[PDB]
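Just the one chain here, laid out as structure tokens, in the form deposited in one PDB entry.
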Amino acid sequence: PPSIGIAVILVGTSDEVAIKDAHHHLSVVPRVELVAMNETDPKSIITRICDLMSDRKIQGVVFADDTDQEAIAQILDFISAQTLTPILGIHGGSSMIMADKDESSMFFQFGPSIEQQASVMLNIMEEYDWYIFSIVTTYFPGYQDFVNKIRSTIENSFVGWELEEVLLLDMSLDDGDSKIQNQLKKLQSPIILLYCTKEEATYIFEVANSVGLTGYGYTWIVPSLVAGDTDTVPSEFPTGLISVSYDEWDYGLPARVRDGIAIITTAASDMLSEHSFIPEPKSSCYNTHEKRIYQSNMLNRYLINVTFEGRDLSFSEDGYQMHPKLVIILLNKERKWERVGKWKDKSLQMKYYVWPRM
């Protein structure tokens, strides 16, 4: 069987040996090379992947980082779309949900859709009869998909939901006019759903605290990307913060790099065993204006429908994992993120029946 080149890119300290040791009967076999990378600015990420693609024949990329940088996902989608190369963001910033990927991206992310986390958050509220709430977002892509999902869910519900306020915070401008404070002051609800980036949340919580919305009587629920790396907990995050989370309790990096390589390899085998060809690895990034009509996102049908070793590793067409096991976590009195629920098979299994405090 012929070999396809798969680059695995690891940003930040990594048990490269735990990863290699942790990992194919198909029509094609992986030749995996671990690149390590120290920086996650656009230039560093672009040049590194472009150099790989030219100093070697790369069928696909598996990407993992240890940052809280959702921009990495944006960058990877762009790179993927431009070079029509499959990139899997399996951990860290690379995995933080990017809404509205390019039409011709081949970029897939380990972690929950925006719509899925929205529904998980309503399930949490239903469990504890928290029927009265407001939403706060920034303009961070997804924010509409988030608000819509909520609205759509609760307008179709026999339950007595009361969505009091939706706030849209513009943090592309400075806050010298104390504008965002004045918006936050308008919140009355006891539950608050917040959609934004980790770095944005940091600031919003600082302000929210200053006008007395972080204490008892207010509960905030945020999505994975706000919590991000749970070993890193901004000081401004309020105790009693609830988050959905796919950050790597039961599904460890080694096992993901395993599946990433599996997904890409299988996908290629499936295409070859039906079309008698796979897409030729791109010679470079610097000749993609020329080779346009010769390239395709054909390989996507297969990438999103891989079953390997008993697990359905399917993606959505929107580019996220289909059936992730999600952990619900709570930021406790010791400023440590604590596991208080699971979300498994569309059922929510919470720890507490009544929430404790202190």
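From 1 onward, residues are counted along the sequence shown. Shifts are known only where both forms have a C-alpha. Only the largest set of C-alpha atoms that superpose within 1.5 Å between the two forms is called the rigid core.
Another form exists, deposited in another entry; not displayed. Remarks below refer to it.
Here the two forms are overlaid on the core, and between the shown form and the other one the C-alpha of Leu225 is the only one among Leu88, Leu225, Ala267, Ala73 to shift by 2 Å or more. Relative to the shown form, the CA atoms of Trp220 and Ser94 are pushed 3 Å or more farther apart in that other deposited form. 117 to 171, 184 to 209, 213 to 232, 235 to 244, 288 to 290, 293 to 298, 328 to 331, 334 to 350 are the runs of three or more consecutive shared residues whose C-alphas all shift by 2 Å or more between the shown form and the other one after the rigid core is superposed.
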